[PDB]
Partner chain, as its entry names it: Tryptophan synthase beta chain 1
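First comes one chain, alone, set out as structure tokens in the form solved without the partner chain.
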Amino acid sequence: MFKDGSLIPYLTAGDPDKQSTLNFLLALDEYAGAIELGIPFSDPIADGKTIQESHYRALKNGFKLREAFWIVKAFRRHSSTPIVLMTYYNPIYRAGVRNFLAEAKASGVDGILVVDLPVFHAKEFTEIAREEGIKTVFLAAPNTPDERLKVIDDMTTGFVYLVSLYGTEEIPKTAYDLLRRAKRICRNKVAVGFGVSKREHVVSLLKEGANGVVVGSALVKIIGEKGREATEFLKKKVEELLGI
């Protein structure tokens, strides 16, 4: 969904508030190949310590599911950068799949990643996403076998998101191994969410085949501390990771 060599910012919707989220998105657009917007959830058990804390913040501050569409809709008036909504299944499930997807499309969302999409529901979910014009992004971790990477690649219409709940400050061998296996199996492009924090991480991963590098941990971190005023520091961070 993005150019090769893209830096893909990840931000939590409503952290610390929807206007702030929008401000951050607008300030980072110029460096983004695509953007991931996460919907905060009460139990983000698939996320690392940092991002989990942002879900908690957003929620304490009163985030409401559809405020995410408000953010996307506002952002769209200024940019056409591909947007992928990231969320747990519960919210989607309760509001109604097709209703959610249709609404997401209408707001300007291009793709979606359901972190814990139950395999039982996987098939119909991908079909509805196709009918609604929303591309699919599936997740894979170091413990995902080659066989499942294949199955994941076949259902994927957007791109395959590879993650590593390892951290570091250096990229773990286990994450590099995941990437290698992915490049050897996927026809879909892949992005890597290995919690990068250094200029060398970005270069190394792109050098190693990642079509795009996600950068969330590093950004959410600054947001946890700066709040609404993280904006300028976020730009400096991205420029650092980009060598500019």
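Residue numbers count along the first chain shown, from 1.
Below: the form deposited with the partner chain bound, not depicted.
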item: Candidate site 2, 96 and 99: all three near the partner chain in the bound PDB entry by heavy atom within 4.5 Å; value: no
item: Among 213 to 221, 184 to 192, 35 to 43, 199 to 207, the region lying within 4.5 Å of the partner chain in the bound PDB entry by heavy atom distance; value: 35 to 43
item: The partner chain contact in the bound PDB entry: residue 132, any heavy atom under 4.5 Å; value: no
item: The partner chain contact at residue 90 in the bound PDB entry, heavy atom, 4.5 Å; value: yes
item: Residue 26: touches the partner chain in the bound PDB entry, heavy atom cutoff 4.5 angstroms; value: no
item: Touches the partner chain in the bound PDB entry: residue 80 (any heavy atom, 4.5 Å); value: no
